[PDB]
Amino acid sequence: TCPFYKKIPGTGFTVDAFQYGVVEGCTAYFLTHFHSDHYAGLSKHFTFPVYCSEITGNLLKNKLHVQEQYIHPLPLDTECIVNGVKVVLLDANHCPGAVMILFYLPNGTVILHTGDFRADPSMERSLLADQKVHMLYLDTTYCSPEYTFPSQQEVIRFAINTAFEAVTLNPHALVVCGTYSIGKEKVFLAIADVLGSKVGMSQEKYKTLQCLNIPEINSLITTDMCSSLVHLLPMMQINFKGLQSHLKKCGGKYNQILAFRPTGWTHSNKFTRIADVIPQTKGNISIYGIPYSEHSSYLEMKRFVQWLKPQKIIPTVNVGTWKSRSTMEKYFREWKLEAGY
Ligand code: NI
């Protein structure tokens with residue numbers, strides 16, 4: 001049955017709640033972003049209103065075949081009225097088309113649902129700064145102090161310099177990047193840009209990327225693998241077996257693979273600096289795991305919440321164990337006592 005943390009009190013609304021069948025008394029279904037744990041249950045047979053960003057609405061129509069008449073795309077940073085309730089969509093700094101939702105309840109409560117997000121100081125200068133928020137439904141994916149990672153910029157710098165060095169030393173090396181959902185496009189696009197190549201990929205992934213309003217995208221991507229030296233493959237294929245196989249398929253155009261696996265967190269982060277990351281190598285195949293995150297680190301999350309000073313926090317991630325739930329609640333209390341709210 002729909003969990004309470006997917007329900008907006010004082011409304012008929014749910015958030016990212018498409019796998020429960022008909023939610024009793026739900027009059028509008030919001031979808032924060034096009035990731036499968038969040039959209040699970042949507043299809044062409046869905047007949048209730050879905051509210052989302054334009055980008056998410058492009059993916060609903062073209063990838064899942066949801067009928068146009070049930071898709072209600074909203075512009076960002078704009079006050080809109082949904083079943084008589086004022087809402088605002090904000091950028092979540094997650095994947096393309098990912099939003100946070102501000103709800104202005106008839107009774108005067110203000111609720112922010114972060115969806116999935118990577119907190120950033122730039123958020124402290126959106127429409128959020130203009131009023132107080134009573135309840136925060138928070139993406140707590142990495143809500144423990146061991147979760148530190150570098151800025152997205154430092155990670156991309158590492159990958160561009162790595163790839164450029166390797167292909168300059170060996171003009172017959174192939175670069176491969178893994179993916180399993182939208183997000184992290186900067187990894188492969190930045191690498192192709194410094195090499196003067198387009199990124200080659202399957203037809204289904206090219207279609208997905210064409211839904212995202214990325215500027216000049218027809219200049220960066222292609223379904224012709226032969227004319228490309230940066231290839232995008234399913235994340236599952238980013239291993240020595242999968243890559244040896246792929247290399248065979250290129251028919252002696254290439255003799256070396258350099259592959260990147262943008263992961264979430266990995267425990268080398270507590271110890272290792274980005275400067276200090278090394279690949280795993282077998283034969284003429286090297287694999288780099290790089291900590292390119294689109295969720296908040298512990299410290300980024302803490303800053304955001306201490307800035308916003310909500311009255312009540314409802315976690316949306318890691319809620320399934322008592323030890324997790326209890327630990328998070330302890331961090332929220334420290335944050336509030338340290339900051340004085
Ligand atoms: Ni997500």
Side-chain angles (χ1 to χ4, degrees), residues 2-3 5-6 8 14-20 29-42 50-60 62-64 66 71 73-74 76 89-102 112-120 122-123 136-144 147 149 151-152 155 177-189 205 208-209 211-214 232 234-236 238 261-266 289-298 300-301 304-305 313-320 324 328:
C2 185
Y5 65 84
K6 297 188 184 273
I8 306 308
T14 62
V15 179
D16 297 347
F18 298 88
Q19 64 165 302
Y20 306 89
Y29 292 80
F30 284 77
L31 177 63
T32 63
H33 72 287
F34 195 77
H35 279 161
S36 65
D37 281 349
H38 301 256
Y39 67 72
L42 277 158
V50 182
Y51 291 86
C52 61
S53 68
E54 172 185 356
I55 286 161
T56 300
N58 290 348
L59 296 152
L60 297 181
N62 291 285
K63 300 292 296 187
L64 304 187
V66 171
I71 308 175
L74 310 167
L76 298 190
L89 300 194
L90 306 158
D91 203 282
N93 190 36
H94 183 52
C95 62
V99 301
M100 316 196 277
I101 317 165
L102 262 176
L112 173 60
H113 196 304
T114 66
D116 279 352
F117 92 137
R118 183 171 186 175
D120 189 74
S122 67
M123 294 173 179
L136 180 61
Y137 287 66
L138 176 66
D139 162 27
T140 46
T141 294
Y142 295 129
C143 189
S144 197
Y147 298 102
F149 29 67
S151 68
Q152 285 173 170
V155 172
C177 293
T179 185
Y180 39 31
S181 35
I182 64 174
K184 310 179 186 188
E185 286 80 7
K186 192 70 158 157
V187 176
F188 52 92
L189 300 181
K205 191 65 185 198
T208 301
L209 300 188
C211 302
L212 303 186
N213 302 352
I214 283 169
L232 279 209
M235 201 69 85
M236 292 189 64
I238 314 302
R261 288 187 347 89
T263 52
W265 167 83
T266 57
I290 57 163
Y292 192 92
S293 178
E294 292 188 336
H295 296 277
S296 305
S297 80
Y298 176 80
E300 292 167 345
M301 187 184 302
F304 177 85
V305 177
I313 306 177
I314 304 156
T316 64
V317 182
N318 303 309
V319 293
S324 297
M328 288 185 299

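Every number for a ligand or one of its atoms is a count from 1 in the order of the listing. Numbers here are sequence positions counted from 1.
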Ignoring hydrogens and angles, tell me if any N or O in the side chain of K184 forms a donor-acceptor pair with the backbone of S293 under 3.5 Å. no
Which residues and atoms, protein N, O or S only, are under 2.8 Å from the Ni ion (ligand 1)? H33 NE2, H35 ND1, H94 NE2, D116 OD2
So do the side chains of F18 and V50 get within less than 4.5 Å of each other, counting heavy atoms only? yes
Check the pair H35, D116 against side chain to side chain donor-acceptor pair (under 3.5 Å), reporting the backbone distance first and the verdict last. CA-CA 10 Å; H35 279 161; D116 279 352; 4.6 Å; no
Side-chain touch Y137/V15, heavy atoms, less than 4.5 angstrom: no
My understanding is that only residues two or more places apart in sequence, or in another chain, count here; which of them pass side chain to side chain contact (heavy atoms under 4.5 Å, CB included) with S144? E146, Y147, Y331
Ignoring hydrogens and angles, tell me if any N or O in the side chain of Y142 forms a donor-acceptor pair with the backbone of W265 under 3.5 Å. yes
